[PDB]
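Heads up, the chain below is alone and in the form deposited in one PDB entry; it's given as structure tokens.
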């Protein structure tokens, strides 16, 4: 099965899923960076404005709902959500699985008021599941209907005309329609995390970063490519970028000229051009231009690690192989 994804300003990729009977729909981000499923709850006080602006699942309208109520708190690098567990049938572009998800009752205005999506579907391993809840992919695999134990991601570039698909996620394989050349796999450092060994990072012709090696987290639920506060400060100085509050800007006229940034993974340089990582929204020297790379200190046991999010996936079609515990990359088409 494949799921059409909507691309919102190149920073948010989501698709639809139905929960309960009759189906209650939600826009969700398929996150290889987390392992739980959650959507806003009707029990969420309207004092939480974010709940006022998103779809809320109502248990009392689902004849297939199974109560549980165990509390859970999900913690992401850029925000937190809290609530309790519930069970019901979830629809994912064809497949139907009885999933255990979290009904969020605390959805902070900042940042969720900025979210176009309603919730999250974790595509990570159970080792990272909060509350030891079985991840949705594990369940789908159990059904034994998928052609292969893998899922692929395709994140298209932004578009000013609602006629091109913002992205697509395939359950059980890849879609040749969106990649060229062959994949090039890398082995997961440790199973339970979509993290691989990254040999080095280069900014132009001078591998000034991640020498000696470092970690790379392939996060479909993250907007940009991130690095330790240290690594980024050093990468950003090399680009002549200034550090703002939430991002790094560069004078727009200097954006097209910026150097390439390469990530050495499994022996193959994945190169990104300035056009690939800069939000060139102007050419004025009197305007600032946001870079699609941020600084995000990810704690143990996962970090310190770089995070390859949407900025990286837009250029490289990614396939997550559960059966071989490996990640594959191919030129996105």
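Positions refer to the first chain, counted from 1. Superpose the two forms; the largest set of C-alphas matching within 1.5 Å is the rigid core.
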property: Check: residue 142 without coordinates in a third or more of other entries; result: no
property: Unmodelled residue 105 in at least one third of other entries with both flanks present; result: no
property: Residue stretch of maximal mean CA temperature factor, 118 to 126 vs 148 to 156; result: 148 to 156
property: Between the two ranges 295 to 303 and 26 to 34, the one averaging a larger CA B factor in the entry; result: 295 to 303
property: Out of 86, 105, 182, 134, highest CA B-factor residue; result: 182
property: Selection from 213, 172, 221, 166 [criterion: highest C-alpha temperature factor in the record]; result: 213
property: Record-listed C-alpha B factor of residue 66: chain third; result: middle
property: B-factor third for the C-alpha atom of residue 52 within its chain; result: lowest
property: Cα B factor band for residue 288 (lowest, middle or highest third within the chain); result: highest
property: Modelled-residue ranking by C-alpha temperature factor, third containing residue 78; result: lowest
property: Residue 217 - Cα temperature factor, lowest/middle/highest third of chain; result: middle
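A second form of this protein, the form deposited in another entry, is not displayed here; the remarks below concern that form.
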query: Which of 197, 91, 80, 134 is displaced between this form and the one not shown by 2 angstroms or more at its C-alpha, rigid core aligned; finding: 80
query: Rigid core fit then residue 50 CA moved by 2 Å or more between this form and the one not shown; finding: yes
query: Core-aligned C-alpha movement of residue 11 between this form and the one not shown, 2 Å or more; finding: yes
query: Shift in CA distance, residue 7 and residue 34, in the other form relative to the form shown here, given it is 3 Å or more; finding: closer
query: Sense of CA distance change between residue 296 and residue 9 in the other form, threshold 3 Å; finding: closer
